[PDB]
Amino acid sequence: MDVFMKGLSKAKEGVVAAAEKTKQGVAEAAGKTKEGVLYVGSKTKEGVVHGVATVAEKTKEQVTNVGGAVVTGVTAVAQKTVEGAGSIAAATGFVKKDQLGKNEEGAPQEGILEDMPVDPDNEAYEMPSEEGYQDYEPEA
Amino acid sequence: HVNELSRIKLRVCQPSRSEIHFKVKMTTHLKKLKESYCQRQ
């Protein structure tokens with residue numbers, strides 16, 4: 001049994017309610033995600049006050065009692081906080097499922113003498129024997 | 001460690017009424033359904 005462990009066995013400390021334990025809402029990598037498209041309308045709309053991903057108390061009971069909607073389509077699931085450090089992107093069941101995160105790069109800091117950047121690297125009919133591209137799957 | 005891999009409770013979750021509900025869209029990770037507990041409406 002290669003690489004087997006449960007990170008949710010004992011991580012940190014705190015006081016939680018034994019009764020306040022949901023069994024749904026885990027928006028992990030369990031769906032055929034796509035980019036999509038940006039659709040705007042004739043009405044601006046506020047779009048709701050945008051917040052941050054560093055949400056402290058991230059709960060989700062979901063009142064699955066007074067009605068509901070069953071969907072067979074892909075829209076039956078919607079992952080959230082997977083474009084950065086999300087507290088829900090570590091609720092993974094199996095130890096192997098690092099498909100919940102995004103790693104970007106870092107820009108130099110202001111207050112430096114000499115404008116030293118990165119080479120623009122302009123290939124001009126060289127054709128390297130190294131094609132393709134790769135993403136970066138980081139922890140949470 | 002995943003205790004359900006060393007113990008295997010083999011708990012099956014079957015409601016008396018299946019209407020408005022969902023499921024894990026991953027056969028590989030479908031074991032998480034038998035790695036946790038269910039809810040009663």
# chains A, B, ... in the order shown; residues from 1 in each chain; ligands from 1
>>> interface_residues(of="chain A", to="chain B", cutoff="10 Å", atoms="only C-alpha atoms", output="short mmCIF file (atom, residue, chain, number, x, y, z; two decimals) with N, CA, C and O atoms, in the first residue's frame")
data_model
loop_
_atom_site.label_atom_id
_atom_site.label_comp_id
_atom_site.auth_asym_id
_atom_site.auth_seq_id
_atom_site.Cartn_x
_atom_site.Cartn_y
_atom_site.Cartn_z
N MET A 1 0.83 -1.20 0.00
CA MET A 1 0.00 0.00 0.00
C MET A 1 0.87 1.26 0.00
O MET A 1 1.17 1.83 1.05
N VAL A 3 2.31 4.96 -0.24
CA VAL A 3 1.89 6.25 0.34
C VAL A 3 0.47 6.24 0.90
O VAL A 3 -0.49 6.59 0.20
N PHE A 4 0.34 5.85 2.16
CA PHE A 4 -0.96 5.82 2.82
C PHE A 4 -0.91 6.50 4.18
O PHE A 4 -0.13 6.11 5.05
N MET A 5 -1.75 7.51 4.36
CA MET A 5 -1.82 8.26 5.61
C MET A 5 -3.05 9.17 5.61
O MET A 5 -3.65 9.41 4.56
N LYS A 6 -3.44 9.65 6.78
CA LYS A 6 -4.59 10.54 6.91
C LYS A 6 -4.15 11.81 7.61
O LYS A 6 -3.94 11.82 8.82
N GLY A 7 -4.01 12.89 6.85
CA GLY A 7 -3.60 14.16 7.43
C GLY A 7 -4.63 14.72 8.40
O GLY A 7 -4.31 15.55 9.24
N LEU A 8 -5.86 14.24 8.28
CA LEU A 8 -6.95 14.70 9.13
C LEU A 8 -7.07 13.87 10.41
O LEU A 8 -8.11 13.90 11.07
N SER A 9 -6.04 13.10 10.74
CA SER A 9 -6.07 12.28 11.94
C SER A 9 -5.78 13.10 13.20
O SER A 9 -6.38 12.87 14.25
N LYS A 21 -20.98 18.42 12.81
CA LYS A 21 -20.12 17.76 11.85
C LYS A 21 -20.90 17.38 10.60
O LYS A 21 -21.66 16.41 10.59
N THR A 22 -20.72 18.18 9.55
CA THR A 22 -21.38 17.94 8.28
C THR A 22 -20.75 16.74 7.57
O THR A 22 -19.65 16.31 7.92
N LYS A 23 -21.46 16.20 6.59
CA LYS A 23 -20.97 15.05 5.84
C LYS A 23 -21.12 15.30 4.35
O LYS A 23 -21.24 14.36 3.55
N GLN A 24 -21.11 16.57 3.97
CA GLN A 24 -21.25 16.97 2.58
C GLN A 24 -20.72 18.38 2.40
O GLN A 24 -20.49 19.10 3.37
N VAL A 26 -17.91 18.98 0.55
CA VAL A 26 -16.49 18.88 0.25
C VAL A 26 -16.25 19.14 -1.24
O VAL A 26 -16.44 18.26 -2.08
N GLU A 28 -13.84 19.14 -3.36
CA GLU A 28 -12.52 18.68 -3.74
C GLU A 28 -12.46 18.36 -5.23
O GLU A 28 -13.45 18.55 -5.95
N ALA A 29 -11.32 17.89 -5.70
CA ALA A 29 -11.15 17.54 -7.10
C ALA A 29 -11.89 16.26 -7.46
O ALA A 29 -11.29 15.18 -7.56
N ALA A 30 -13.20 16.37 -7.62
CA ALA A 30 -14.03 15.22 -7.96
C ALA A 30 -15.01 15.58 -9.07
O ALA A 30 -16.17 15.15 -9.06
N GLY A 31 -14.55 16.39 -10.02
CA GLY A 31 -15.41 16.80 -11.11
C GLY A 31 -14.63 17.27 -12.31
O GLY A 31 -13.49 17.73 -12.18
N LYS A 32 -15.24 17.17 -13.49
CA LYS A 32 -14.60 17.60 -14.73
C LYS A 32 -14.66 19.12 -14.85
O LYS A 32 -15.57 19.67 -15.47
N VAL A 63 -28.92 23.33 4.11
CA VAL A 63 -30.22 22.87 4.57
C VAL A 63 -30.88 21.89 3.59
O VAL A 63 -31.80 22.22 2.84
N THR A 64 -30.39 20.66 3.61
CA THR A 64 -30.90 19.61 2.75
C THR A 64 -32.11 18.95 3.40
O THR A 64 -32.11 17.76 3.70
N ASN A 65 -33.15 19.75 3.61
CA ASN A 65 -34.37 19.26 4.24
C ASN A 65 -35.60 19.88 3.58
O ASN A 65 -36.42 19.18 3.00
N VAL A 66 -35.71 21.20 3.67
CA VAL A 66 -36.84 21.91 3.09
C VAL A 66 -36.64 22.13 1.59
O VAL A 66 -36.37 23.24 1.14
N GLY A 67 -36.76 21.05 0.83
CA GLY A 67 -36.61 21.14 -0.61
C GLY A 67 -35.18 20.94 -1.06
O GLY A 67 -34.26 20.82 -0.25
N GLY A 68 -34.99 20.89 -2.38
CA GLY A 68 -33.67 20.71 -2.94
C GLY A 68 -33.75 20.57 -4.45
O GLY A 68 -34.84 20.59 -5.02
N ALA A 69 -32.61 20.44 -5.10
CA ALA A 69 -32.57 20.29 -6.54
C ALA A 69 -31.55 19.24 -6.95
O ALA A 69 -30.36 19.38 -6.67
N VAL A 70 -32.02 18.18 -7.59
CA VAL A 70 -31.14 17.11 -8.04
C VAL A 70 -30.71 17.36 -9.48
O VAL A 70 -31.54 17.54 -10.37
N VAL A 71 -29.40 17.41 -9.70
CA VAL A 71 -28.87 17.67 -11.03
C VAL A 71 -27.92 16.56 -11.47
O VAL A 71 -27.00 16.19 -10.74
N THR A 72 -28.16 16.02 -12.65
CA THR A 72 -27.32 14.97 -13.20
C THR A 72 -26.14 15.57 -13.97
O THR A 72 -25.14 14.91 -14.22
N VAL A 74 -23.05 18.49 -14.90
CA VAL A 74 -21.79 18.84 -14.25
C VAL A 74 -21.97 19.96 -13.23
O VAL A 74 -21.23 20.04 -12.25
N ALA A 76 -23.85 20.17 -10.96
CA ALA A 76 -24.31 19.63 -9.69
C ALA A 76 -23.24 19.77 -8.62
O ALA A 76 -23.48 19.51 -7.44
N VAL A 77 -22.04 20.16 -9.04
CA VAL A 77 -20.92 20.35 -8.13
C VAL A 77 -20.18 21.63 -8.52
O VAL A 77 -20.01 21.92 -9.70
N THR A 92 -9.36 16.55 1.54
CA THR A 92 -9.17 15.33 0.77
C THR A 92 -9.27 14.08 1.64
O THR A 92 -8.81 14.06 2.78
N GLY A 93 -9.89 13.04 1.09
CA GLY A 93 -10.02 11.80 1.83
C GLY A 93 -8.75 10.97 1.75
O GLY A 93 -8.19 10.57 2.77
N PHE A 94 -8.28 10.74 0.54
CA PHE A 94 -7.08 9.96 0.33
C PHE A 94 -5.85 10.85 0.48
O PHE A 94 -5.90 12.04 0.16
N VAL A 95 -4.78 10.26 0.97
CA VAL A 95 -3.53 10.98 1.18
C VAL A 95 -2.95 11.53 -0.13
O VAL A 95 -2.24 12.53 -0.14
N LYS A 97 -3.86 13.30 -3.36
CA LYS A 97 -4.82 14.10 -4.10
C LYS A 97 -4.44 15.58 -4.02
O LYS A 97 -5.20 16.41 -3.51
#
>>> residues_around(residues="residue A:139", least_positions_apart="4", cutoff="9 Å", atoms="only C-alpha atoms", output="ChimeraX atom specification")
/A:85,89-90,98-102
>>> residues_around(residues="residue A:20", least_positions_apart="6", cutoff="12 Å", atoms="only C-alpha atoms", output="VMD selection string")
(chain A and resid 59 to 61) or (chain B and resid 39)
>>> closest_residue(among="A:113, A:107, A:82, A:140", to="residue A:27", atoms="only C-alpha atoms")
A:82
>>> atom_distance(atom1="atom CA of residue A:58", atom2="atom CA of residue A:12")
16.5 Å
